[PDB]
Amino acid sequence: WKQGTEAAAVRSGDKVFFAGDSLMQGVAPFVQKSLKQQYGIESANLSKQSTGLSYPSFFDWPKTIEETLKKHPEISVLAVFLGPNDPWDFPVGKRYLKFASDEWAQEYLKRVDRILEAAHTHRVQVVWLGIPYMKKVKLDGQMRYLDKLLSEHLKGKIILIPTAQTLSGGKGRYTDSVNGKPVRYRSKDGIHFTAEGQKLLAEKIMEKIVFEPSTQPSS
């Protein structure tokens, strides 16, 4: 099944499902409110601090998504935002895979594909947010690697929303504030967002969600 790659369509009665770590936790509530007020569209926000794809033993996102879609066929959109908890070696069965090796990347993308397969089997449109620039230089290098691994694999398959340049006003690197008045989009920990940054990314998500009236499409 081939979803749209530019935007996701929602009809009355659809639900939007939000998944990911603390990056999603702060953004999703703003999108939930806009969906409800603008379109009457309900949503579920299951994002959870410290989670990711590398350690399903802590929290298993592929399995959670598989089970949520089975129980809630009214979900038509899955939005995903994660990354910063994942740049670590991890075990797989009998093996121990090292961060950014060929085998590590292959297993990481297999977990990504499991999420896409669950969604697409159920005709669910996937929206996936790119990883922001980080203030810590080592973490930023890990996230630039992971963001490129994900985007190279996902482009053309789903809807992608880059965040790094938007949050930096185009500077091509982490910034604390953006301009005539400076606005702070990032929190003091150099990873997460202020309320203004959360709202900005929620607006970027809403640009990718298109309400479909009952008289569309036309014959």
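In case it trips you up, residue 1 is the first one in the sequence shown, and so on.
- Missing deposited residues between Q37 and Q38: none, as the chain runs unbroken there.
- According to the PDB record, 90-98 carries the higher mean C-alpha B-factor of the two stretches 90-98 and 104-112.
- Comparing 131-139 with 74-82, the higher mean C-alpha B-factor in the PDB entry belongs to 131-139.
- Taking the PDB entry at face value, the top CA B factor among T175, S151, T163, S43 belongs to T175.
- Annotation for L23: CA B-factor lies in the lowest third of the chain's modelled residues.
- The deposited CA B-factor of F59 belongs to the middle third of values across its chain.
- In the deposited entry, the Cα temperature factor of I191 places it in the highest third of its chain's modelled residues.
- When all modelled residues of the chain are sorted by CA temperature factor, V183 is found within the highest third.
- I209 sits in the middle third of its chain by CA B factor, as recorded in the PDB entry.
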